[PDB]
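Line order of the protein sequences matches chains H and A.
Note that the first sequence covers residues 486 to 487, 492 to 582 in the authors' numbering.
Note that the second sequence covers residues 486, 491 to 582 in the authors' numbering.
Think of the CB as a built atom: it goes at the ideal place given N, C-alpha and C, for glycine as much as any other residue.
A short write-up of the structure that comes next.
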Amino acid sequence: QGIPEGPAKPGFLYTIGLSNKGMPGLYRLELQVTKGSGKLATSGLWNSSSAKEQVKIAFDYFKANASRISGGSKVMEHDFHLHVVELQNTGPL
Amino acid sequence: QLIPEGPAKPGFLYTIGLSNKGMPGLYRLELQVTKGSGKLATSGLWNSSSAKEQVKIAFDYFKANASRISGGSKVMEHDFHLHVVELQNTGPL
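Right, dumping it as structure tokens:
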């Protein structure tokens with residue numbers, strides 16, 4: 486274990506950023522969306538306070554701009570589970 | 486050959506409003522939907538510019554919020570005609 494050709498499943502993407510040691514690293518973000526109450530679960534974030542804070546900030550902003558992006562989809566009626574996979578052993582992002 | 494019992498066809502509704510004289514009156518709004526380029530036509534509104542502006546505002550709001558209400562129907566691919574049927578001769582609304 487830790492980018493294939495073709496589209497992945499919805500909610501799945503790849504990212505690149507400087508790790509805590511300053512070395513660039515590649516990571517995979519996978520999101521599972523189910524019928525829920527607007528709750529968010531986090532996994533694979535290296536159990537880092539900074540990464541969890543970033544994810545909370547992103548979720549709050551997404552909830553704030555639901556109308557612009559969703560165009561009618563009610564975020565509060567669904568729950569999200571976001572998981573992080575390290576692909577190059579570079580360190581936490 | 491005012492509101493018959495049983496479900497009317499899609500695009501037909503009833504409204505009540507104070508006419509240009511301020512007296513209450515009932516109006517049947519009739520919508521004809523055809524395959525087209527999103528154009529809007531109107532008739533029977535008793536030649537009032539205010540009614541045309543109201544209908545234009547409503548259709549523009551329909552354009553903006555198609556995703557929230559229609560949930561997948563494309564307004565641009567259908568032309569609409571709105572007709573006003575005054576059933577009480579109360580005056581233009």
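- Counting only Cβ-Cβ distances below 8 Å, residue 557/A has contacts in chain H at 560 and 561, in chain order.
- In this structure, residue 572/H and residue 533/H form a Cβ contact; the two beta carbons are roughly 5 Å apart against a cut-off of 8 Å.
- Around the C-beta of residue 501/H, fewer than 16 other C-beta atoms lie within 10 Å, and the residue is accordingly described as exposed.
- Residue environment: residue 514/A is assigned as buried (16 or more neighbouring CB atoms within 10 Å of its CB, all protein chains considered).
- Between residue 517/H and residue 487/H the beta-carbon gap is near 7 Å, inside 8 Å, which marks them as a contact.
- The C-beta distance from residue 564/H to residue 552/H rounds to 6 Å, short enough to fall under 8 Å.
- The beta-carbon of residue 554/A is placed less than 9 Å from the nearest beta-carbon of chain H.
- Across the set 574/A, 529/A, 560/A and 581/A, the C-alpha of 574/A shows the shortest separation from the C-alpha of residue 492/A.
- DSSP places residue 563/A outside both helix and strand once states are collapsed to three, so it counts as coil.
- Excluding the 5 residues flanking it on each side, residue 512/H has same chain C-beta neighbours closer than 8 Å at 579 and 580, in chain order.
- Residue state for residue 558/H is assigned as helix, using DSSP reduced to three classes.
- Between residue 561/H and residue 554/A, the C-beta gap is smaller than 9 Å, which places the two residues in contact.
- Bounds of the alpha helix (DSSP H) holding residue 546/H are 538-553.
- Around the CB of residue 507/H, fewer than 16 other CB atoms lie within 10 Å, so the residue is classed as exposed.
- A residue is called buried when at least 16 other Cβ atoms come within 10 angstroms of its Cβ; residue 520/A does not meet this threshold and is exposed.
- Distance from the Cα of residue 582/A is smallest, within the candidate group 540/A, 566/A, 547/A and 523/A, for 540/A.
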